[PDB]
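Enquirer:
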Amino acid sequence: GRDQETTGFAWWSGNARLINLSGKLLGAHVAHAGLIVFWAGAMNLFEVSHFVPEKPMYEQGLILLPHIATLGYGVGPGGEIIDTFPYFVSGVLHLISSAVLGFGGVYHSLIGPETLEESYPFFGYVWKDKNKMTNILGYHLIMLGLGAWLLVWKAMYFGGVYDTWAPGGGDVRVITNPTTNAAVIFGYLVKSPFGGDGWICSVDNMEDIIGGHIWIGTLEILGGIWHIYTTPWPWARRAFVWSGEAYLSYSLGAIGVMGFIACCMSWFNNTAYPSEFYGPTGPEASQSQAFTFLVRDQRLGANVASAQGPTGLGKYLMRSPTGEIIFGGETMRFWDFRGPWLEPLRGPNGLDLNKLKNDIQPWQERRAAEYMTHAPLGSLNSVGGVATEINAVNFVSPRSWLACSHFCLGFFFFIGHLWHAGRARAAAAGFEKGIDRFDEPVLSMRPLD
Amino acid sequence: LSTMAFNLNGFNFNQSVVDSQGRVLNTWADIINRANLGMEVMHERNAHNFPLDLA
Amino acid sequence: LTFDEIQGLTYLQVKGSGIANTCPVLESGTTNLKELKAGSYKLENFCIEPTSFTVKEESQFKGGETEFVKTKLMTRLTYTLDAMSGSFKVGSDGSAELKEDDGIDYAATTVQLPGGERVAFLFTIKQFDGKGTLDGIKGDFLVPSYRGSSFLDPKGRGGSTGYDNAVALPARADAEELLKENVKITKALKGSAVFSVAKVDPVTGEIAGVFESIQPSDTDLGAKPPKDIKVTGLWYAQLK
Amino acid sequence: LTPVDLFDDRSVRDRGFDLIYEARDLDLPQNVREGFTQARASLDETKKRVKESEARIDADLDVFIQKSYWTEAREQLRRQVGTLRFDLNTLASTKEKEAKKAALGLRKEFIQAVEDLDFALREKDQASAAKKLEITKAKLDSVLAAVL
Amino acid sequence: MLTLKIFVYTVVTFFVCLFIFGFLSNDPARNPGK
Amino acid sequence: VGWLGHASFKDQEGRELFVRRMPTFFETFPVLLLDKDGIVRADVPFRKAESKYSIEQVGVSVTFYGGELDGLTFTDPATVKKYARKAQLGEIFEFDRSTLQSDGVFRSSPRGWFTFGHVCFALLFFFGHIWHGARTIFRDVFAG
Amino acid sequence: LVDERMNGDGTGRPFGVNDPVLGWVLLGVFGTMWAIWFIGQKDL
Amino acid sequence: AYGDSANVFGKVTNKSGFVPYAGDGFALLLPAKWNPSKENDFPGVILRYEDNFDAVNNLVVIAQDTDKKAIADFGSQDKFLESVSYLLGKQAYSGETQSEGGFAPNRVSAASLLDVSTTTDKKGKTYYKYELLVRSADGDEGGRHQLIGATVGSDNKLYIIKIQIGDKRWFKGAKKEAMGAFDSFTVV
Amino acid sequence: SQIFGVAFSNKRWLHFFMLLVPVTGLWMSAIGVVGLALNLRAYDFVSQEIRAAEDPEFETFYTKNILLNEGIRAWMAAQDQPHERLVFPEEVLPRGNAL
Ligand code: CLA
Ligand code: CLA
Ligand SMILES: CC(C)=CCC/C(C)=C/CC/C(C)=C/CC/C(C)=C/CC/C(C)=C/CC/C(C)=C/CC/C(C)=C/CC/C(C)=C/CC/C(C)=C/CC1=CC(=O)C(C)=C(C)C1=O
Ligand SMILES: CCCCCCCCCCCCCCCC(=O)OC[C@H](COP(=O)(O)OC[C@@H](O)CO)OC(=O)CCCCCCCCCCCCCCC
Ligand SMILES: CC1=C(/C=C/C(C)=C/C=C/C(C)=C/C=C/C=C(C)/C=C/C=C(C)/C=C/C2=C(C)CCCC2(C)C)C(C)(C)CCC1
Ligand SMILES: CC1=C(/C=C/C(C)=C/C=C/C(C)=C/C=C/C=C(C)/C=C/C=C(C)/C=C/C2=C(C)CCCC2(C)C)C(C)(C)CCC1
Ligand SMILES: [Cl-]
Ligand SMILES: [Cl-]
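Taken in sequence, the protein lines are chains C, A, O, Q, I, B, W, P and D. Heads up: the first sequence begins at 13 in the deposited numbering, then just goes up one per residue. Heads up: the second sequence begins at 290 in the deposited numbering, then just goes up one per residue. Heads up: the third sequence begins at 52 in the deposited numbering, then just goes up one per residue. Heads up: the fourth sequence begins at 52 in the deposited numbering, then just goes up one per residue. Heads up: the fifth sequence begins at 1 in the deposited numbering, then just goes up one per residue. Heads up: the sixth sequence begins at 338 in the deposited numbering, then just goes up one per residue. Heads up: the seventh sequence begins at 60 in the deposited numbering, then just goes up one per residue. Heads up: the eighth sequence begins at 58 in the deposited numbering, then just goes up one per residue. Heads up: the ninth sequence begins at 254 in the deposited numbering, then just goes up one per residue.
1) Might you give, ordered along the chain, the residues of its own chain that have their beta carbon closer than 6 Å to the beta carbon of residue 119/O, omitting 5 neighbours on each side?
2) Note down, in chain order, every chain A residue with its Cβ under 8 Å from the Cβ of residue 263/C.
3) Does ligand 5 have a heavy atom nearer than 7 Å to the CB of residue 118/C?
4) How far does the alpha helix (DSSP H) with residue 187/P in it extend, from its first residue to its last?
5) Which residue from 213/O, 239/O, 194/O puts its Cα closest to that of residue 298/O?
6) Bridge partners of residue 453/B, per DSSP?
7) Which partner residues does residue 379/B have in the DSSP bridge list?
8) Taking only the alpha-carbon atoms, compute the straight-line gap between residue 168/Q and residue 268/O and give it to the nearest angstrom.
9) Residue 234/P touches chain A at which residues, Cβ-Cβ below 7 Å?
10) If we ignore side chains and look at the alpha-carbon of each, how far apart do residue 89/P and residue 300/C end up?
11) On a Cα-Cα basis, can you pick out the residue from 118/P, 112/P, 94/P that is closest to residue 102/P?
12) Counting only Cβ-Cβ distances shorter than 9 Å, please list the residues of the stretch 362-378 of chain B near chain D, keeping chain order.
13) Where do the ends of the alpha helix (DSSP H) carrying residue 324/A lie?
14) Step through the CB atoms of chain C and report whether any lies within less than 8 Å of the CB of residue 116/Q.
15) Which value, in whole angstroms, describes the spacing of the CA atoms of residue 398/C and residue 328/C?
16) Is any beta-carbon of chain C found at less than 8 Å from that of residue 71/W?
17) How far does the alpha helix (DSSP H) with residue 239/C in it reach, from first residue to last?
18) Using a Cβ-Cβ distance under 8 Å, would residue 196/O count as near chain P?
19) Who does residue 150/O pair with in a DSSP beta bridge?
20) If you run the structure through DSSP and keep just helix, strand and coil, what is residue 50/C?
21) Identify whether residue 133/Q lies in helix, strand or coil by the three-state DSSP scheme.
22) Using the beta-carbon count (16 or more within 10 Å), is residue 410/C buried or exposed?
23) So is residue 24/C buried or exposed if we call it buried at 16+ other beta carbons inside 10 Å?
24) So if I threshold CB-CB distances at 8 Å, which residues from the stretch 300-325 of chain C count as touching chain Q?
25) Looking at C-beta atoms only, is the number of pairs between the stretch 136-151 of chain P and the stretch 271-286 of chain O that lie closer than 8 Å three or more?
26) Give me the Cα-Cα distance between residue 220/O and residue 323/D, rounded to the nearest whole angstrom.
27) If you run the structure through DSSP and keep just helix, strand and coil, what is residue 386/B?
28) Judging by CA-CA distance, which residue of 57/C, 13/C, 259/C is the nearest neighbour of residue 430/C?
29) Looking only at DSSP bridge pairs, what is residue 167/Q linked to?
30) Put residue 288/O into one of helix, strand or coil per three-state DSSP.
31) Which residues end up in the neighbourhood of ligand 7 when you take C-beta atoms closer than 7 Å to any of its heavy atoms?
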């Protein structure tokens, strides 16, 4: 092990004693991967064991199974779960794989050499050695590109991902014409993050998703080769801190942003996160309620078209500021919502009361009714309900869990970026420990006021 | 506050204490709920056309 | 954008464009109306896009005659009556009857007149029974209360649901404040509208023309007097 | 003071007025709430619904393609045809061994055709949509011949 | 009101450019000493 | 100015109805008329879509005994509800809110004001005792 | 219609460019700034 | 100070969710969570219970002396419903209005009969039963479900049970309680 | 001095300020609670109350908060104050549209 007397780092900063220990650092990272793979496998098998075919996955508080279901495994027409053995296979595979990674980490943390540069030059690396650092980034960049292409392969081959917008009903579909038009693929990137544009969260077609992964997959592999055969340019070296903590701070900041984006994706996107498995989105639940009553009242004998509300802005239907006909009520804020159950009734100009008056299919109703009841609203003790509700329902939208968890994760990792980045910059300057007590810069600065 | 922004409300122990036959024994939490109901039924007096405030 | 042109565009292509707040244009057809066969026809896809909203207002002079004044809309679009179905007929002569039945016949609209005064009015032709010639089909339409009985005021006092009294001031809970408290009058008013068929497309059974209507403004549930709102615009419908 | 008016709306329940309430009964199994079990139980009702979808695919849709009403055509797909895939599956399930397998194969070939036609509508290609629709009609008729 | 948009868009770009190019100006060397 | 007299609220059935008085803790209290038994028999419903205790359906009439309205009977829903709102505030007296242009809100009596001011001074003087007392005990340290 | 609006809200236009001028000005401003930064301090 | 040992590792007393209640010639299984109420909404109220929180979810058992020895004597179920319409409530609001969507002019409340039935107990007496959903312009609770059942006891007394549930709670489980108590209602 | 524009220069004053701020605040709130004991509270501004009553349209967050308080009192008094034995018919309770 190590002691503070020889490192200057206390036990609460012990892992910081592994910065220059390449061999030990390898074991630490490899081991941590084992933990991640372990949970993926363990929790998956736990979910499979606690899964029941009489209830939707979202009602069973399952988060991992929805991911496999979206990949198009053990799912059928309407999102109905045919079998769960595929899910069991995934858990078993990850769990056993975690053992291999665990052994490697333990070895590279005990028997393995504390450093590798002395023995294995290829693995041997020193922070600041930009060339080597860029090469390492390249290798991992290629790996991520291959992973994205594996998804693209599963979409156009080896079966297909589940398409909630599939024609004549939602089910797994083999993407055959993935969007490769740069304008469409990169359009999302330049889209405003505000309402309507929804930036990249707006992606509603699997064709763009698979096509976008095609673009990112290629660029990452090409970028890896570039970083493998190129060294940072003068401008970069003069505008970046070359240190392990600095490199970590860059990753911390990036992963923190990715966390926030993932939170929004799980809360707004319904394509990449099928509402059939992940449950309805906040906007989806609201629109579903308006549709549920609109249908019920219309059947009772109410003209939803000319039904003035208390404010006079239409009880069931109204016009979006843009002009599109939208459901009335506070759901006006979610007028930009788009779901496979509501699209058929829509048309060039907002909703089509013709479809609403006649052509409303029973499933369009049943689905909306189910979504309305299973809204994302919930409590920490898992007491399902808008609020001020009695303890009767035990359900919290999986979307809520992912959105809340990843948001908090992103926030902390951003704070970690600020901590590591600032310390890295201060370390480079040399004032990380504190003031010289003899070269205090302020004492040499202008007396200001 | 951010988690509650995703509809993750705080602990809900409404009607958590029940007697032998099933009668609900109210608690301080239930009293807090009574107030919450009052604020809810009042907020946006004319901005709700449906019962559930999913929004 | 003709009806078919609008149909070609997807909801996403139309979303944000604002074209959804615009009635289809009968570019085809003939300016002549004689071709329009004489008979009764379903007034489907009847749309009324208000070109301008003028409010009658006394002239600057204290005794200045009350003339309609130009105004600036404060409510982003959301003022084009559309998807309205009704009954339209035409005799061998100019006799023409235009009767609105259902659809988005109503549309709340808040416009600001010169002087920073926002005048709110429910643009609508509910229960319009025009019975003039092919052009100038004069008729009257219902003008329901801008606010419903349930609507509660800031004080909470309302029609079907409300305090009815100034709970704030207990000593003055019931007094001359009666005009504002316990009133909340939601009685509907009436307005006159005139429609004229500019062109008729017999092959596609589509008719389009100009509309002119003067309706009372919001009365704040009787709290304030109503104000004449002259709304002029274009109308499009398919006789099928 | 007026008595609340009463209306005899008992007929609403006949026209699926309890669909929403049934779908919102968590006690009912998910399949029951979704109506999947009900349809799988009612073979004649399922077969009828399938023929309704056939009519929409055959004696319809082509209209929008002719007038380039892509939005309506793409919405023509799904909607009532939305359950077609589930319907065809249960009818094929009625078959056995090779019969069921062969029927499922026809179901797949048809499902592929409907997706090709839908992509044509997405690209707003009338010529491709027209020919694709004809292919879809043939596919459905083949599946119908087997499932029915 | 496009003129207002054009002006704002230019103003924003200018300040953003100063921030990016400013940090690109060997900011790390702004250290008081080493 | 004067006393309108006692207001007697009676339902159509002839049952005497008592207007629940407003508790001090309540700035605004809902009007409720209860029988001697203590069962609400009439009230002014906030929702009148389908009331079950509406002053109208209950048919409540207010008869004033003694005072200015001595022998005066009122059946007008509005008039009865007006007196009912006053009744919940206790005896109904006539008030001239013109000479002083009253705002229509209640004020505290000199009794309440005196109690508030002296309690406040007392609480503050507690700090004064601790401060001056601490200085006396720690005079050596506070010395300077 | 009754009034005139950009009608850009809700539309996913790159960098909210509803007019070529907007796009040109953004690139022009950045280009001038880059030239100043590079001339003042060469990048590479 | 009865020395009753705590039910540590014991068995639950009642999990049926319904507590059996017995009254004057009438018996029914009241919802366990529902608490006794002290408001006589209508004349002849004998039993009155309400949900712990939402008072909209309430149950009233009205018993009125009636010469008729059979609920059929009252006439057709529709006729009887008309005579018992008072339960639905009365619209105090009288203001003329036409700005209420889904409601006829000057009408801010509408009751819709959705089901009618005439069940018979083992004893043999029949039970005029009606299911109605009352809607309001305010649309509070998304409507109020009304379960009304009536019959004449051997005491020559008409017994009427009216259960009201806010639609919100109706499709959230409250229906199960209402149905159980309504079916449990039996008159001797 | 450069980030905020002002800065402490005496450690003593800094710490004295660190202890004065919290103590001062608590004592202020205590005086307010003394007023509530006697029900002497700043519940509402009569000026806006009169304007809102005479002018129905006039509305502010202050008026909105007043309505909320009205609901809290009516929808908790029955249980929060059992001694009052207040049975409020549901119709008398203040409820907004829908909900
Ligand atoms: C992901 C969590 C994680 C990981 C992977 C590591 C990894 C490592 N830490 Mg560390 N540490 C952690 C968390 C972690 N730490 C935390 C939370 C703290 C704060 C309490 C510390 C504080 C800390 C200090 C102070 C030090 C380390 C050190 C080390 C390195 C060698 C450990 C050692 O010297 O003796 C090894 C420890 C043991 C032999 C005891 C048991 C550990 C074994 C290997 C765990 C195996 C468990 C698992 C069930 C085995 C699976 C076997 C398989 C067949 C299934 C090593 C690479 C040391 C170092 O190298 O500094 C330079 C050092 O001094 N850590
Ligand atoms: C992969 C990301 C990552 C990595 C590799 C590191 C690595 C390191 N960090 Mg660090 N950090 C991170 C993320 C990361 N951090 C984030 C996101 C934050 C924001 C909260 C911080 C905030 C932070 C601080 C404030 C400090 C470090 C420090 C250190 C160094 C000391 C290691 C150590 O403490 O020894 C052994 C390991 C421990 C003592 C950790 C003990 C176990 C923790 C305290 C229990 C927490 C459990 C947690 C609640 C579970 C939920 C997590 C999540 C779901 C929310 C080390 C090199 C210290 C340093 O001096 O930097 C050089 C230090 O002061 N980090
Ligand atoms: C159109 C317009 C203008 C609209 C605006 C309308 C509007 C928003 C109006 C509101 C106005 C307003 C401000 C209302 C608030 C009123 C109010 C609540 C008043 C309370 C008054 C009062 C006496 C309260 C009692 C409690 C009390 C005493 C609190 C004091 C709080 C307080 C001042 C604390 C400190 C705040 C603060 C920013 C401190 C900075 C400290 C500082 C300079 C640090 C630098 C520093 C720190 C070190 O550690 C070291 C070592 C050194 C060396 C050093 O230097
Ligand atoms: C980006 C910059 C942000 C600008 C924010 C505004 C800066 C506020 C500076 C004003 C300080 C006033 C006291 C000067 C007197 C002064 O200089 O103080 C003197 C003191 C310096 O310490 P000394 O050594 O002089 O101590 C001796 C003392 O015992 C007295 O002699 O500085 C401070 O106390 C810092 C604390 C300031 C607290 C800042 C106030 C925060 C909020 C102020 C009120 C806000 C109202 C908003 C309404 C719209
Ligand atoms: C270094 C170190 C550390 C740690 C680290 C780690 C984290 C390790 C781990 C490692 C690992 C990572 C381990 C793991 C393992 C696992 C395993 C080995 C598994 C196994 C499996 C099996 C045996 C089977 C199972 C099964 C199946 C799958 C099927 C079904 C049934 C069952 C479930 C039975 C610490 C912190 C202390 C610090 C110091 C140093
Ligand atoms: C897959 C997919 C897709 C695609 C996506 C993508 C394409 C993504 C990418 C993204 C990206 C594209 C990312 C990147 C990022 C980067 C950045 C954002 C940059 C940053 C920079 C920095 C951080 C720097 C700074 C600074 C300055 C400049 C000054 C000085 C100092 C320094 C250097 C620090 C889509 C859409 C179809 C959807 C579906 C799925
Ligand atoms: Cl509010
Ligand atoms: Cl709503």
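Here a beta-carbon is modelled for each residue, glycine too, at the ideal position from N, C-alpha and C.
Expert: From the atom records:
1) Only 105, 107, 281 meet the Cβ criterion.
2) Contact of residue 263/C with chain A by beta-carbon distance below 8 Å is absent, the smallest such distance being about 23 Å.
3) Yes.
4) No alpha helix (DSSP H) holds residue 187/P; the beta strand (DSSP E) holding it covers 183-193.
5) Nothing can be reported for residue 298/O, as the shown portion of chain O is limited to 52 through 291.
6) Looking at the DSSP assignment, residue 453/B forms no beta bridge with any residue, so it has no partner.
7) DSSP, once it has assigned bridges, lists 370/B as partnering residue 379/B.
8) Using only the alpha carbons, I get a separation of about 51 Å.
9) The premise fails here: residue 234/P is roughly 11 Å from chain A at the closest Cβ pair, so nothing lies under 7 Å.
10) Rounded to whole angstroms, residue 89/P to residue 300/C spans 32 Å at the Cα level.
11) Among 118/P, 112/P, 94/P, the Cα nearest to that of residue 102/P is on 118/P.
12) 362, 363, 364, 365, 366, 367, 368, 369, 371, 375, 376, 377: these are the residues of the stretch 362-378 of chain B whose beta carbon lies less than 9 Å from some beta carbon of chain D, given in chain order.
13) Note, residue 324/A: alpha helix (DSSP H), 317-331.
14) So no, residue 116/Q is outside the interface.
15) Between the alpha carbons of residue 398/C and residue 328/C lies a distance of about 21 Å.
16) Put simply, the CB of residue 71/W is near chain C, with a gap under 8 Å to one of its CB atoms.
17) Counting along the chain, the alpha helix (DSSP H) containing residue 239/C begins and ends at 218-240.
18) Under the Cβ distance rule, residue 196/O counts among the residues neighbouring chain P, one pair being separated by less than 8 Å.
19) DSSP, once it has assigned bridges, lists 138/O, 180/O as partnering residue 150/O.
20) Residue 50/C: helix per DSSP, three-state reduction.
21) Reduced to three states, the DSSP call for residue 133/Q is helix.
22) A residue is called buried once 16 or more other Cβ atoms fall within 10 Å of its Cβ, and residue 410/C is buried on that count.
23) The residue in question, residue 24/C, is exposed, as its Cβ has fewer than 16 Cβ neighbours within 10 Å.
24) Taking 8 Å as the Cβ-Cβ cut-off against chain Q, the residues of the stretch 300-325 of chain C that qualify are 304, 307, 308, 311, 312, 313.
25) Because the criterion of three Cβ pairs below 8 Å is not met, the stretch 136-151 of chain P and the stretch 271-286 of chain O do not touch.
26) When rounded, the distance between both Cα atoms is 14 Å.
27) Residue 386/B falls in the coil class under three-state DSSP.
28) Here the closest residue by C-alpha is 259/C.
29) According to DSSP, which records beta bridges pairwise, residue 167/Q is partnered with nothing at all.
30) Strand, per DSSP.
31) This criterion selects 331/A, 332/A, 333/A, 317/D, 320/D, 321/D.
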